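Numbering (the deposited numbering), first residue to last: 700 to 1040.
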Ligand code: NI
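Laid out in structure tokens, this is it:
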């Protein structure tokens, strides 16, 4: 049964609620982004209206085979009427096609559902600037002050500089980047651009990337592994055994691997600066864990909420334990006392 924090009161709507069967009273199912914990339950047999971004609807049609007649893509930054209720989709600064949803209820209440997001000051000049928000359904993934990580730009600068140095020292080194979902495409695209290579990958991952409306993508990716010196592999294969096995397959074209695992936060964050990150090495294989996050840090989250000044916060992540819930509620109250709302 669908949890309360997935239901939008005063509407027929649910958000990211496809794994509960037919939800009683639901007339429209919104999907914030194409990550499996959120789309869980969707397939070609789904026959209710799904509302989403254009990019998410490309992925629903091509990857999950949802039939076209049930996919309702909406443009961003545009007031739309859905089953009698005004809604707006906003960029969530998460993965490609990810949105936040503004609902203007018939009684005058305004609700923001962030989906998954990485808060940014640029959001302070979107259509959120223009009216009051009563209720915030908040991505609280990293809602504790220990969660610090660098900007995405500092992390990509580190990756490009590391890869370019290694391959210029050894033109027979291969770069490998791990993936298991959409998101974080800048990691492998930025490294292939500095090396003058396309990114090589499986047919299934090429198909996924072709749904993303990324400009000039036909110039950047390929299924011809032999022509590429940046390869994409499943995240599970980014270990010494998996990489040794891959190097065998390349037929002596290469004699070294430099590999990247873009994680979110790891506790090497509470001690080490990005500049000081070092790899794990075994023989001619080195593996870097780089803290590339597509969710808010604690400080980015706190700034967004103190700017928005909502009347009520409903967390959507870390809700299953009483200790997590009590921790989050304490920070919400601190933020409200410090800012004065
Ligand atoms: Ni996500």
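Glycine included, each C-beta is placed from N, C-alpha and C at the ideal position.
| Query | Result |
| --- | --- |
| Per the DSSP calculation, residue 750 is bridged to which residue(s)? | 729, 771 |
| Roughly how many whole angstroms lie between the Cα atoms of residue 725 and residue 751? | 16 Å |
| Taking residue 836 and residue 813 to be in contact with their CB atoms under 8 Å, please state how far apart those CB atoms are, rounded to whole angstroms. | 7 Å |
| Going by beta-carbon coordinates alone, are residue 1034 and residue 1001 separated by less than 8 Å? | yes |
| I'd like the list of long-range same chain contacts for residue 791, defined as Cβ closer than 8 Å, with 5 residues on each side in sequence excluded. | 731, 732, 797, 798, 799, 813, 814, 815, 816, 817 |
| With burial defined as no fewer than 16 other Cβ atoms inside 10 Å of the residue's Cβ, what is the status of residue 810: buried or exposed? | buried |
| Would you list the residues sitting across from residue 1011 in a DSSP beta bridge? | 834 |
| Quick check on residue 838: buried or exposed, where buried means 16 or more other Cβ atoms within 10 Å of its Cβ? | buried |
| Count the other C-beta atoms from every protein chain shown that fall within 10 angstroms of the C-beta of residue 972, then say buried if there are 16 or more, exposed otherwise. | exposed |
| Consult DSSP for residue 987 and reduce its assignment to one of helix, strand or coil. | strand |
| Just mark residue 705 as buried or exposed, buried being the case when its beta carbon has 16 or more other beta carbons within 10 Å. | buried |
| Relative to ligand 1, is the shortest distance from any of its heavy atoms to the C-beta of residue 815 smaller than 7 Å? | yes |
| Check whether the Cβ of residue 794 sits closer than 7 Å to any heavy atom of ligand 1, and report yes or no. | yes |
| Roughly how many whole angstroms lie between the Cα atoms of residue 881 and residue 986? | 21 Å |
| Flag this pair as yes or no: are the beta carbons of residue 749 and residue 765 separated by less than 8 Å? | yes |
| Taking residue 954 as the reference, which of 915, 945, 720, 970 has the closest Cα? | 945 |
| How big is the Cα-Cα spacing for residue 1039 and residue 728? | 36 Å |
| Here's the rule I'm using: 16 or more other beta-carbon atoms within 10 Å means buried, otherwise exposed. How should residue 787 be labelled? | buried |
| In chain order, which beta strand (DSSP E) runs of at least 3 residues are fully inside the stretch 781 to 866? | 784 to 790, 798 to 803, 809 to 812, 834 to 837 |
| Near residue 994, what residues of its chain come up, given a Cβ to Cβ distance below 8 Å and the 5 sequence neighbours on each side ignored? | 793, 815, 816, 817, 838, 840, 841, 963 |
| For residue 732, is the beta carbon positioned less than 7 Å from some heavy atom of ligand 1? | yes |
| Can you tell me whether residue 910 is helix, strand or coil according to DSSP? | coil |
| Is it a yes or a no for the stretch 891 to 909 touching the stretch 928 to 939, going by three-plus beta-carbon pairs under 8 Å? | yes |
| I'd like to know if the stretch 768 to 777 and the stretch 801 to 809 are in contact, where contact means that at least 3 CB-CB pairs between them fall below 8 Å. | no |
| Check whether the Cβ atoms of residue 932 and residue 898 lie closer than 8 Å to each other. | no |
| Once DSSP output is grouped into helix, strand and coil, what is the label at residue 734? | coil |
| With a threshold of 8 Å, are at least 3 pairs of Cβ atoms found where one atom belongs to the stretch 711 to 719 and the other to the stretch 740 to 747? | yes |
| For residue 779, list the residues DSSP reports as bridge partners. | 786 |
| CB-CB under 7 Å to residue 887, same chain, minus the five flanking residues each way: which ones, in chain order? | 876, 898, 929, 931 |
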